[PDB]
Every structure is written in structure tokens, then in C-alpha cells.
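Structure record follows, encoded as C-alpha cells.
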Amino acid sequence: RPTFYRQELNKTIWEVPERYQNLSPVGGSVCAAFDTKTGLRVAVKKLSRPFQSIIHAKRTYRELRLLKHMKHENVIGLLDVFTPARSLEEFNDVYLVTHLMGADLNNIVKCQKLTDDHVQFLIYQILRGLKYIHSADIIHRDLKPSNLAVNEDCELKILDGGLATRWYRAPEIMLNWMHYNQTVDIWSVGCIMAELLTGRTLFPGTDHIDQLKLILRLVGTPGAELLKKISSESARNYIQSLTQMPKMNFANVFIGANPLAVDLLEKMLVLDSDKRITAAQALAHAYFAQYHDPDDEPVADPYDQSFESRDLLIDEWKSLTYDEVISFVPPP
Ligand SMILES: C[S@](=O)c1ccc(-c2nc(-c3ccc(F)cc3)c(-c3ccncc3)[nH]2)cc1
């Protein structure tokens with residue numbers, strides 16, 4: 001058990017091992033710091049109010065559980081996990097530690113003008129991660145350009161993968177729809193890609209209903225085929241109210257962009273989550289011909305998420321977590 005300094009950063013206080021030095025605020029709370037033990041730069045995240053509510057406490061175990069599982073180049077994982085306390089009784093803090101990344105993808109579309117080859121590498125990467133994630137039966141639900149960490153290199157990893165702007169949500173999340181599927185991430189990836197290629201937000205909706213309008217001026221109103229599946233004597237309904245729309249040509253909507261890419265968008269941005277192309281499929285798409293390599297798009301171990309499915313007490317969750325903290329084996 002390592003020696004910990006203590007120091008205060010802004011209002012938040014910080015209690016970490018000496019192997020990390022230079023703690024430096026990037027944004028619970030994140031600091032950039034130097035890992036003497038490996039001499040690589042890292043991100044230390046101090047979880048906010050870990051075991052406040054049951055809703056926090058479970059959320060804590062979830063985050064630790066996921067991060068412990070994520071072993072994949074395109075997906076944030078755990079270098080170190082640590083608590084200052086010793087024995088169960090003191091335990092009320094959790095700092096998570098990963099490879100520092102230092103820019104997110106929203107400060108890229110706001111810097112650069114990006115090449116087609118850029119979106120290529122970048123989107124491939126997103127789908128590389130996605131696909132490992134989906135293979136564990138986890139669904140992101142919030143992919144958006146601020147959950148994608150990119151380092152100076154143009155390397156990218158997926159942040160917050162399975163913890164949870166309306167702009168990147170599949171329509172089926174904006175219609176609640178309590179029980180959908182993994183292709184919701186695909187919709188987002190479309191929204192991200194479109195914007196990477198064009199420099200403007202695809203669907204900058206002002207609220208939840210404006211957004212289903214914006215989506216519709218593009219992908220068009222649903223065929224009686226899809227309409228039937230909307231669970232409503234009237235939640236339905238509510239769509240057909242709003243005028244009937246031409247499905248626009250992605251080709252013009254997206255003039256100038258590589259037509260491989262545009263064909264790819266036509267398949268991600270499909271109103272019907274059954275006809276939405278999967279992660280593993282979209283990587284076999286020509287757009288990624290440069291990068292693709294079947295024998296290098298790895299799946300994940302199966303992920304145990306029955307825990308999700310049950311009501312424990314604060315005391316029961318903080319205990320399980322602590323089990324997770326001390327049971328932690330670091331990588332290579
Ligand atoms: C969705 S909100 O925009 C949001 C922003 C940042 C983060 C966010 N969480 C982390 C973070 C840090 C350490 C971990 F172990 C896990 C995640 C980072 C991070 C990781 C590596 N290098 C720089 C920053 N960014 C999570 C949510």
C-alpha cells in the first residue's frame with residue numbers, strides 16, 4: 001500500500017499515490033498527470049459522490065465494472081483503480097486511471113478542415129470500438145462527439161460506453177421506446193460522420209420534437225411498414241400529423257463527399273432499426289478498404305450484467321465496488 005499525497009484542486013480535493021505527479025485539471029473530475037511508474041501521461045478521474053444515493057452507488061459499480069472489462073485499443077479502459085482509504089469502513093472514494101487523450105472530437109470539427117481519409121480513419125475507429133462493445137452485449141446510448149477521445153495522433157477511443165446532446169440520438173430514443181437495440185449507436189455514428197464530412201451538425205434540433213422533424217426532412221416519413229410498429233392508437237399518429245415528406249437524396253444532401261461514404265450514410269441513417277447496418281457489417285464496407293482487416297477487429301469476452309438487474313442497498317453496492325477495487329489486476 002503506496003504513499004499518498006493530498007492536495008486541493010479548485011474546490012475538489014485530491015488524494016492519490018506518488019506514482020502520479022503534476023495532477024493538472026482537464027475537467028466527477030478529471031486531471032492530467034504523469035505516471036512515474038511507466039513514464040506515460042495519464043488521466044486520473046475522481047468520482048464525485050460515489051455512494052451518495054443508491055443511484056450513485058450502483059452507477060459507481062457500473063462504471064467500475066465496465067471500465068474493468070474494456071480491453072481494446074478503440075475503447076477507454078483501466079490502467080489503475082485506487083482508493084485512499086483502507087478497510088471497507090472508510091471507503092468513500094474512487095479514482096479511475098486511463099491513458100491520457102487530451103482532445104475530444106468536438107475540438108477537431110472546430111479546429112481542422114478534415115480530409116476524406118480523416119473521417120475514414122476516425123469513423124473506422126469508432127466502429128472498431130463499437131463492435132468490441134456490441135460483442136459484449138453493451139450498447140452505448142450516448143455516442144456523440146464529446147464521448148470520443150482523440151489524441152494529437154488522430155487515435156480515438158470511446159468514452160462512457162454503457163453508463164447512461166439530443167443531436168446524436170436515434171429517433172427511437174427520442175420516442176422513449178423503453179426497449180430497443182445496438183443499432184442506436186449506429187444512428188449516432190451516422191450523425192457524427194455526416195458532420196465530420198460537412199462541418200455542420202446534421203440534425204441541430206432545438207428540442208425533442210424539432211429533432212424528429214429535422215430527421216424527417218431528411219430520411220422522410222415512414223412507410224406503413226414502419227408506422228405499424230409504433231405502439232400507439234396515438235403516440236404514432238403524432239408523426240403523421242407533421243406533414244408528409246420526400247426522402248431527400250443523400251447524394252445531394254451530401255454533394256462533394258466521397259460517394260463511398262455517402263452510400264455508407266444511407267445505411268447507417270435508416271429510420272428502421274432493423275435495416276440499420278451493424279458495426280461488424282459497416283467495417284466490411286468499401287469505405288474502410290484502406291484500414292479494414294478482418295483478423296484485427298477483435299470481439300470481447302462476455303460481460304456479466306445481471307447486476308444491472310436488481311436493487312441493493314448503498315451498503316451492498318459500496319461493498320461490491322470495494323471488492324472490485326481491490327480485486328484489480330493491472331495490464332502489461
Ligand atoms: C459526456 S461529457 O462531455 C464527458 C467528458 C469527458 C469524460 C471523460 N472521462 C474521462 C476519464 C478519465 C479517466 C478514466 F479512467 C475514465 C474516463 C476522460 C478522459 C480520458 C482520457 N483522457 C482525457 C480525458 N474524459 C466523460 C464524460
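Going by the C-alpha cells order, chains are called A, B, ..., each with residues numbered from 1, while ligands are numbered from 1 in the order shown.
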Pick out the residues sitting within 10 Å of segment 279-289 of chain A, and hand them over as JSON, numbers by chain; count only C-alpha atoms, and ignore anything fewer than 5 positions along from it in its own chain.
{"A": [116, 117, 119, 120, 121, 123, 124, 125, 126, 127, 128, 129, 130, 131, 132, 133, 134, 135, 182, 183, 185, 186, 189, 258, 259, 260, 261, 262, 263, 264, 267, 268, 294, 297, 299]}
Output C-alpha atoms for every residue in the selection just made, as a PDB file, in the first residue's frame.
ATOM      1  CA  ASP A 116     -11.983  12.218 -46.532  1.00  0.00           C
ATOM      2  CA  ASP A 117      -9.202   9.977 -45.418  1.00  0.00           C
ATOM      3  CA  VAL A 119     -13.240  10.633 -41.488  1.00  0.00           C
ATOM      4  CA  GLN A 120     -12.104   7.249 -42.804  1.00  0.00           C
ATOM      5  CA  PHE A 121      -9.593   6.545 -40.114  1.00  0.00           C
ATOM      6  CA  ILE A 123     -15.152   6.590 -38.176  1.00  0.00           C
ATOM      7  CA  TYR A 124     -13.406   3.176 -38.676  1.00  0.00           C
ATOM      8  CA  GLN A 125     -12.065   3.612 -35.250  1.00  0.00           C
ATOM      9  CA  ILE A 126     -15.394   4.409 -33.736  1.00  0.00           C
ATOM     10  CA  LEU A 127     -16.849   1.284 -35.363  1.00  0.00           C
ATOM     11  CA  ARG A 128     -13.867  -0.712 -34.300  1.00  0.00           C
ATOM     12  CA  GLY A 129     -14.603   0.129 -30.623  1.00  0.00           C
ATOM     13  CA  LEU A 130     -18.277  -0.152 -31.174  1.00  0.00           C
ATOM     14  CA  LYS A 131     -18.048  -3.527 -32.460  1.00  0.00           C
ATOM     15  CA  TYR A 132     -15.985  -4.876 -29.476  1.00  0.00           C
ATOM     16  CA  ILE A 133     -18.709  -3.246 -27.315  1.00  0.00           C
ATOM     17  CA  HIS A 134     -21.632  -4.772 -29.034  1.00  0.00           C
ATOM     18  CA  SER A 135     -19.838  -8.148 -28.869  1.00  0.00           C
ATOM     19  CA  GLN A 182     -27.444  -1.770 -30.520  1.00  0.00           C
ATOM     20  CA  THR A 183     -28.025  -0.134 -33.840  1.00  0.00           C
ATOM     21  CA  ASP A 185     -25.139   3.629 -31.673  1.00  0.00           C
ATOM     22  CA  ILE A 186     -25.028   3.190 -35.470  1.00  0.00           C
ATOM     23  CA  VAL A 189     -22.211   7.263 -35.809  1.00  0.00           C
ATOM     24  CA  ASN A 258     -16.852  10.747 -51.311  1.00  0.00           C
ATOM     25  CA  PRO A 259     -19.731   8.681 -52.779  1.00  0.00           C
ATOM     26  CA  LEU A 260     -18.454   5.576 -51.000  1.00  0.00           C
ATOM     27  CA  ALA A 261     -19.079   7.438 -47.711  1.00  0.00           C
ATOM     28  CA  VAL A 262     -22.470   8.727 -48.849  1.00  0.00           C
ATOM     29  CA  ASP A 263     -23.532   5.185 -49.674  1.00  0.00           C
ATOM     30  CA  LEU A 264     -22.348   4.309 -46.155  1.00  0.00           C
ATOM     31  CA  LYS A 267     -27.199   2.578 -44.490  1.00  0.00           C
ATOM     32  CA  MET A 268     -26.408   3.957 -41.000  1.00  0.00           C
ATOM     33  CA  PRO A 294     -10.923  -8.961 -40.575  1.00  0.00           C
ATOM     34  CA  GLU A 297     -11.315  -6.493 -35.452  1.00  0.00           C
ATOM     35  CA  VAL A 299     -14.617  -9.342 -30.144  1.00  0.00           C
TER      36      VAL A 299
END
Mind dumping a table of every chain A residue within 6 Å of ligand 1, with the nearest atom pair and its distance in Å to one decimal, using only C-alpha atoms and all ligand atoms, sorted by chain and rising number, as a tab-separated table?
residue	atom	partner	partner_atom_place_in_ligand_line	distance
A:30	CA	ligand 1	12 (C)	5.7
A:43	CA	ligand 1	13 (C)	4.8
A:44	CA	ligand 1	13 (C)	5.0
A:45	CA	ligand 1	13 (C)	4.4
A:78	CA	ligand 1	15 (F)	5.9
A:96	CA	ligand 1	15 (F)	4.0
A:97	CA	ligand 1	15 (F)	3.9
A:98	CA	ligand 1	15 (F)	4.4
A:99	CA	ligand 1	21 (C)	5.7
A:100	CA	ligand 1	22 (N)	3.8
A:101	CA	ligand 1	22 (N)	3.8
A:102	CA	ligand 1	23 (C)	4.8
A:146	CA	ligand 1	3 (O)	4.6
A:147	CA	ligand 1	1 (C)	5.2
Using the selection just defined, write its residues with C-alpha atoms as a PDB file, in the first residue's frame.
ATOM      1  CA  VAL A  30     -10.509  14.635 -14.380  1.00  0.00           C
ATOM      2  CA  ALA A  43      -5.980  10.797 -16.850  1.00  0.00           C
ATOM      3  CA  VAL A  44      -6.972  10.329 -13.194  1.00  0.00           C
ATOM      4  CA  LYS A  45     -10.711  10.612 -12.690  1.00  0.00           C
ATOM      5  CA  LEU A  78      -8.478   0.742 -16.790  1.00  0.00           C
ATOM      6  CA  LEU A  96     -10.006   5.787 -12.098  1.00  0.00           C
ATOM      7  CA  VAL A  97      -6.942   5.927 -14.254  1.00  0.00           C
ATOM      8  CA  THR A  98      -6.533   5.559 -18.009  1.00  0.00           C
ATOM      9  CA  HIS A  99      -4.173   6.622 -20.944  1.00  0.00           C
ATOM     10  CA  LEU A 100      -4.397  10.418 -21.378  1.00  0.00           C
ATOM     11  CA  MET A 101      -6.069  11.554 -24.659  1.00  0.00           C
ATOM     12  CA  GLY A 102      -6.234  15.239 -24.317  1.00  0.00           C
ATOM     13  CA  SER A 146     -17.640  14.501 -26.750  1.00  0.00           C
ATOM     14  CA  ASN A 147     -17.601  10.848 -25.735  1.00  0.00           C
TER      15      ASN A 147
END
Considering only C-alpha atoms, tabulate each residue of segment 4-55 of chain A that lies at most 9 Å from segment 80-90 of chain A along with its nearest interatomic pair and the corresponding distance in Å to one decimal; arrange the rows by chain and ascending residue number and present them as CSV.
residue,atom,partner,partner_atom,distance
A:4,CA,A:84,CA,7.2
A:15,CA,A:84,CA,6.3
A:16,CA,A:84,CA,6.8
A:17,CA,A:84,CA,8.3
A:44,CA,A:80,CA,8.9
Dump C-alpha atoms for the selected residues as a PDB file, in the first residue's frame?
ATOM      1  CA  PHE A   4      -0.435   9.218  -0.925  1.00  0.00           C
ATOM      2  CA  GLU A  15      -5.739  12.080  -2.575  1.00  0.00           C
ATOM      3  CA  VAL A  16      -3.569   9.980  -4.869  1.00  0.00           C
ATOM      4  CA  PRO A  17      -0.350   7.846  -4.852  1.00  0.00           C
ATOM      5  CA  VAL A  44      -6.972  10.329 -13.194  1.00  0.00           C
TER       6      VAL A  44
END
For segment 320-326 of chain A: contacts at 10 Å, only C-alpha atoms, fewer than 4 positions along chain excluded, given as a list in words
residues 51, 57, 58, 60, 61, 62, 63, 64, 65, 68, 80, 81, 82, 83, 87, 88, 91, 92, 93, 94, 95, 96, 315 and 316 of chain A
So that I can see what lies close to residue 192 of chain A, please list as a ChimeraX atom specification the residues with an atom at most 7 Å from it, counting only C-alpha atoms and leaving out residues fewer than 4 positions away in the same chain.
/A:144-145,188,196
Would you write out those residues with N, CA, C and O atoms, as a tab-separated table (two decimals), in the first residue's frame?
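Contents of selection22.tsv, as written:
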chain	number	residue	atom	x	y	z
A	144	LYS	N	-21.63	10.56	-29.01
A	144	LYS	CA	-21.70	11.90	-29.52
A	144	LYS	C	-20.27	12.37	-29.53
A	144	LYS	O	-19.43	11.69	-28.96
A	145	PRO	N	-19.95	13.49	-30.18
A	145	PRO	CA	-18.51	13.75	-30.37
A	145	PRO	C	-17.71	14.15	-29.11
A	145	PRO	O	-16.52	14.41	-29.17
A	188	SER	N	-26.02	7.18	-34.37
A	188	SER	CA	-25.21	8.31	-33.86
A	188	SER	C	-24.00	8.44	-34.74
A	188	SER	O	-23.57	9.55	-35.04
A	196	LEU	N	-18.70	15.12	-39.81
A	196	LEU	CA	-17.24	15.12	-40.00
A	196	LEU	C	-17.02	15.53	-41.43
A	196	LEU	O	-16.17	16.35	-41.70
Please identify the helix (DSSP H, G or I) residues within segment 134-267 of chain A (assignment by DSSP from backbone atoms) and present them as a PyMOL selection string.
chain A and resi 134-135+166-168+171-174+183-198+208-219+224-227+238-241+250-253+259-267
Hey, which of A:193, A:54, A:255, A:79 ends up closest to residue 109 of chain A? Count only C-alpha atoms.
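Nearest candidate to residue 109 of chain A out of A:193, A:54, A:255, A:79: A:193.
Scanning segment 27-89 of chain A with DSSP on the backbone, the strand (DSSP E) assignments fall on residues 29, 30, 31, 32, 33, 34, 35, 40, 41, 42, 43, 44, 45, 46, 80, 81 and 82 of chain A.
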Go through A:107, A:237, A:115, A:305 one by one, measure the shortest atom-to-atom distance of each to residue 197 of chain A using only C-alpha atoms, and give the residue with the smallest value.
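Of A:107, A:237, A:115, A:305, the one nearest residue 197 of chain A is A:115, counting only C-alpha atoms.
The coordinates place atom CA of residue 161 of chain A at 24.9 Å from atom CA of residue 266 of chain A.
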So which residues touch segment 238-245 of chain A within 10 Å, counting only C-alpha atoms, skipping near sequence neighbours fewer than 6 positions away, as number ranges by chain?
A: 209, 212-213, 216-222, 227, 230, 232
Computed interatomic separation between atom CA of residue 37 of chain A and atom CA of residue 20 of chain A (Å)
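Taking atom CA of residue 37 of chain A and atom CA of residue 20 of chain A, their separation equals 8.2 Å.
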What gap, in Å, lies between atom CA of residue 158 of chain A and atom CA of residue 77 of chain A?
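Answer for the atom CA of residue 158 of chain A to atom CA of residue 77 of chain A separation: 9.4 Å.
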Would you please work out which residue, of A:59, A:113, A:69, A:292, is nearest to residue 304 of chain A when using only C-alpha atoms?
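Once distances to residue 304 of chain A are computed over only C-alpha atoms, the minimum belongs to A:69.
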